[PDB]
Structure formats: C-alpha cells, structure tokens
Amino acid sequence: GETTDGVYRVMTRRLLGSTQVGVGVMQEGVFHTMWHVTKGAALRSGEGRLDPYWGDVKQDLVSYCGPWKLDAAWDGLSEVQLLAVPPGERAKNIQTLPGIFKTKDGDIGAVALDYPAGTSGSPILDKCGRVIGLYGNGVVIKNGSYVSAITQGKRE
Amino acid sequence: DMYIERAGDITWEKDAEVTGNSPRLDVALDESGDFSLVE
Ligand SMILES: COc1cncc(-c2ccccc2C(=O)Nc2cnn(C)c2)c1
C-alpha cells in the first residue's frame with residue numbers, strides 16, 4: 001500500500017458508514033499512532049497489511065512495520081503546532097504554547113486544544129517540522145475542555 | 001476492520017492560526033494509561 005511519509009487518517013467500516021477513529025504518522029516506513037485508536041489491531045493500506053510491531057498501554061502508543069522512529073522533544077520554551085486532522089475535515093495546523101503536566105516521574109508538555117476524539121494521533125511539531133509527540137491522551141479540566149499530553153515514544 | 005488514508009505532509013506552516021492556553025496541571029498516570037488530575 002502507501003508508505004510515503006506523512007499524516008494519515010485511521011478509519012473503520014464496522015460502525016455506521018466510514019468512521020474516523022484516529023490519526024497516525026508514517027515515517028521511515030513505520031506507522032505511529034496511539035494505542036487507544038487501534039487497540040493493537042492490524043491495519044490495511046490499500047491491499048497491503050500493516051502488522052503491529054511495538055506497543056504499550058501505559059504510554060498509549062503503538063508502531064506498525066518497525067520500531068518507534070520519532071525522537072524529537074519539545075524544548076520547553078517554544079510554541080508548537082498541532083497538525084490537527086479532524087474527522088471529515090481538512091488537515092489544519094494550529095499553533096500554541098504548550099502548558100505542562102507535572103507528575104511524580106517528571107514534567108511533560110501539554111496542549112490545550114479541543115478536538116473530536118477521532119483526532120487522537122495527530123502529530124505535534126516543532127519549528128523544523130519534526131514530530132515531537134502525538135495528540136490525544138490527556139485530561140478533562142474544570143472547564144470541560146480537554147488538555148492533551150505531548151506523548152512521545154523512545155527511539156530504541 | 002481498520003484502514004489508513006493519507007491526509008497530508010508534516011510541515012510547519014508560517015502564519016498558522018495561533019490559539020490555546022498553557023496550563024500547568026498536577027497529574028497522575030495510572031497503569032491503564034489514563035491521566036487524572038491531582039488536587
Ligand atoms: C467524546 O468526548 C470526549 C471525552 N473525553 C475525551 C475526548 C477526547 C478529546 C480529544 C482527543 C482525545 C479524546 C479521547 O477520547 N482521548 C482518549 C484517551 N484515552 N482514551 C481511551 C480516549 C472526548
């Protein structure tokens with residue numbers, strides 16, 4: 001199927017019509033998405049099959065066809081862009097200054113942008129276009145809006 | 001059954017819409033990969 005680098009929609013035909021369950025990143029022949037999008041199931045790309053290669057429910061990440069390739073990190077200072085791919089809508093870049101999730105094991109960047117759940121897996125980019133993490137795993141604040149972590153894997 | 005469809009190139013866009021705030025939140029991450037607010 002298609003193995004060109006870029007952002008992709010993750011669709012399903014199990015429910016009514018064609019439904020977008022999430023988004024992913026194809027880089028160096030490896031497809032990267034969030035675990036809650038596919039639950040580790042195999043994917044189709046045209047007539048080709050993509051098999052899971054690595055995954056972890058606690059990190060909420062999964063890679064297909066090879067190991068996790070994305071290793072860029074938020075510098076902790078600069079604005080970033082969420083390349084939002086909402087269901088039935090065109091890919092759109094939204095620039096924001098990340099906040100921070102403070103945890104017992106360290107700080108993580110966080111993006112306060114609200115999108116449908118089917119947008120999970122959209123990449124967050126630095127000024128050089130490098131993917132510093134994926135959007136879609138976070139928390140609901142007092143306001144009712146979602147604040148997502150900048151979730152990044154480890155390039156082994 | 002799940003399938004993928006290309007949606008675009010991964011590039012930084014100059015003069016993109018700038019929005020969203022930068023909240024500092026104390027959070028906890030459980031074994032199931034769910035974040036929760038600590039207060
Ligand atoms: C329908 O109302 C919502 C309620 N809660 C969250 C969302 C949401 C919004 C933006 C991006 C991702 C999500 C989301 O569902 N994230 C997620 C993380 N782990 N799981 C299992 C689901 C939506």
Side-chain angles (χ1 to χ4, degrees), chain A residues 1-74 82-88 91 101 103 105 108-111 115-126 129-139 146 148-156, chain B residues 1-10 29-36:
Chain A
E2 198 173 18
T3 338
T4 314
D5 292 348
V7 65
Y8 287 71
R9 298 173 196 273
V10 183
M11 311 290 297
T12 184
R13 271 177 198 126
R14 174 181 68 103
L15 268 27
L16 188 74
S18 280
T19 308
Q20 185 177 308
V21 288
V23 176
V25 173
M26 188 71 83
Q27 186 172 127
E28 300 161 54
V30 165
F31 189 64
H32 305 73
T33 190
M34 311 213 76
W35 192 91
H36 76 269
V37 168
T38 67
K39 317 295 193 208
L43 301 173
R44 186 167 48 82
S45 181
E47 255 189 324
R49 189 178 165 135
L50 301 205
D51 296 316
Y53 181 101
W54 167 84
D56 187 293
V57 163
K58 191 174 171 186
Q59 288 180 57
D60 192 34
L61 293 172
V62 51
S63 68
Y64 286 81
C65 308
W68 190 266
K69 306 285 187 171
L70 318 182
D71 55 0
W74 181 44
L82 167 63
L83 177 48
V85 182
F101 272 7
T103 87
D105 299 319
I108 313 174
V111 155
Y115 277 97
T119 313
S120 293
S122 289
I124 301 164
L125 320 180
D126 62 19
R130 290 175 296 155
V131 179
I132 59 169
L134 306 184
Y135 171 83
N137 194 30
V139 78
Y146 205 68
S148 170
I150 298 181
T151 303
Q152 187 51 296
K154 183 188 177 195
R155 194 191 169 112
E156 266 284 297
Chain B
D1 201 53
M2 298 184 171
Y3 64 94
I4 63 171
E5 284 181 345
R6 200 157 184 275
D9 282 13
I10 296 171
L29 173 62
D30 72 11
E31 197 176 87
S32 301
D34 292 345
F35 280 109
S36 62

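Hydrogens, waters and symmetry mates play no part in the numbers below; they use all other heavy atoms, side chains included. Residue numbers start from 1 in every chain, and the chains themselves are labelled A, B, ... in the order their sequence lines are given, proteins ahead of strands.
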With heavy-atom distances below 4.5 Å as the criterion, would you say the side chains of [X] and [Y] are in contact?
X: A/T103; Y: B/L29; value: no
X: A/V23; Y: A/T33; value: no
X: A/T119; Y: A/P87; value: yes
X: A/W54; Y: A/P67; value: no
X: A/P123; Y: A/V7; value: yes
X: A/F31; Y: B/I4; value: yes

*Could you tell me which residues satisfy side-chain contact (heavy atoms from CB on, under 4.5 Å) with A/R49, sequence neighbours excluded, listed by chain and number?*
A/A42, A/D51
*With sequence neighbours excluded, tell me which residues meet side-chain contact (heavy atoms from CB on, under 4.5 Å) with B/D1.*
A/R44
*Applying salt bridge (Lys or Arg N to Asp or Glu O under 4.0 Å), name anything that partners A/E156, two or more places apart in sequence or on another chain.*
A/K154
*Applying side chain to side chain donor-acceptor pair (under 3.5 Å), which residue pairs with at least one partner in residues 16-28 of chain A are found, sequence neighbours left out?*
A/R9-A/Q20, A/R13-A/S18, A/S18-B/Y3, A/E28-A/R155
*Measure across A/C65 and A/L50 and return the closest heavy-atom pair with its distance rounded to 0.1 Å.*
SG-CD2, 3.7 Å
*What heavy-atom pair brings A/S120 and A/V37 nearest, and what distance separates the two atoms?*
O-CG2, 3.6 Å
_Audit row: A/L83, A/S122, side-chain contact (heavy atoms from CB on, under 4.5 Å) steps and yes/no_ = CA-CA 6 Å; A/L83 177 48; A/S122 289; 5.8 Å; no
Main-chain N/O of [Y] paired to [X] side chain as donor or acceptor, under 3.5 Å:
X: A/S45; Y: A/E2; answer: yes
X: A/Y146; Y: A/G138; answer: yes
X: A/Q152; Y: A/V131; answer: yes

*Please report the C-alpha distance between B/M2 and A/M11 in whole Å, then the side-chain angles of each, then the deciding distance to 0.1 Å, and finally whether the side-chain contact (heavy atoms from CB on, under 4.5 Å) criterion is met.*
CA-CA 6 Å; B/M2 298 184 171; A/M11 311 290 297; over 6 Å; no
To the nearest 0.5 Å, tell me how far [X] [atom1] sits from [Y] [atom2].
X: A/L61; Y: A/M34; atom1: CG; atom2: CE; value: 5.0 Å
X: B/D9; Y: A/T4; atom1: CG; atom2: OG1; value: 9.5 Å
X: A/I124; Y: B/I10; atom1: CD1; atom2: CD1; value: 12.0 Å
X: A/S148; Y: A/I108; atom1: OG; atom2: CD1; value: 10.5 Å
X: A/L70; Y: A/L134; atom1: CG; atom2: CG; value: 6.5 Å
X: A/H32; Y: A/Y53; atom1: NE2; atom2: OH; value: 11.5 Å

_Just checking A/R130: does its CZ atom have more than 12 heavy atoms from other residues, nucleotides or ligands closer to it than 6.0 angstrom?_
no
*asked:* Suppose we screen for side chain to side chain donor-acceptor pair (under 3.5 Å). Which residues come up paired with A/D60, at least two apart in sequence or across chains?
replied: A/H36
_Assess, by modelled atom type and distance only, whether the side chains of A/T38 and A/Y64 contain a donor and an acceptor separated by less than 3.5 Å._
yes
_Any residue meeting ring pair (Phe, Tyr, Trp, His ring centres under 6.0 Å) with A/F101, in chain and number order, not counting sequence neighbours_ = B/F35
